[PDB]
């Protein structure tokens, strides 16, 4: 059943993967309202689709800036993977298009805000709260990894909370479809596996490492390896001496010792049993895995929901007007977008 869900899912992903959707909207179909977040090449805005009156989250990327930083391949990956996937806890792409100056990805709007904001505000989540989120990630990485996708950027910043209090993963900008091995140093310092830092070649197991970081940070209030500068973070990660807060249950600590594990013959998620090594862990024993997938578990936290168009769960950012040039920029580099 788990095996034939993943086989249908792979067949659906692969037809979209080999023939991506292109040019399914235009900028003038949307009213731009407010910036929900930023990145290297631009921003994500709340928009309103004028024809239906539906709200969406539109990513706008400046093509010239992508080229200046040598990240063309990353942004093609983001859109090609997003358009192809389908899972309850992945933010859904509704449309995508490009013009002379920019690339656009219109996603569902997830109004509860970033896990990061609620975590920093609250301080830390209880084990049951953290577990509820962790399960959704476990099931998401099961799906993505079955498609030969590595995510490579798990962190509370990239986990949105939706109106029922469930997770939607965003930010596929570092995601990559790979059988075998890959080498780029990428991700967030605090979330990186040792093998990434040491330029060893790595695979999907880095995402399971990242999950250990996230669980640790959700439950502690702070990450297992931190310092003011990235180079000192790396140094703490390669030593691999994790200190656990005294309030951590003995089961949590044991799970964490198996995810934050430098040795890839011992790291959960990677091994022969696979993801079952995680699902059947004792920390997860109260977890009804099928009920998480079906969204029948009641979330420990529903964010305030102030009607559509409301952004009170997001921080404020400086707005900047979209400029569209009359000449086509970087047409050939972005032709498949």
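Positions refer to the first chain, counted from 1.
As listed in the deposited structure, the average C-alpha B-factor of 38-46 and of 276-284 is greater for 276-284. Once the C-alpha B-factors are averaged per stretch, 61-69 and 265-273 rank with 265-273 first. Which of 155, 118, 145, 243 has the largest Cα B-factor in the deposited entry comes down to 243. By the numbers in the PDB entry, the CA B factor is greatest at 180 among 189, 180, 221, 224. Among all modelled residues in its chain, residue 5 ranks in the highest third by Cα B-factor.
When the CA B factors of the chain's modelled residues are split into thirds, the value for residue 228 lands in the highest one. Per the PDB record, residue ranking by Cα B-factor puts residue 253 in the highest third of the chain. Residue 131: CA B factor in the middle third of modelled residues in this chain (values from the PDB entry). In the PDB entry, a CA B factor belonging to the highest third of its chain's modelled residues is recorded for residue 199.
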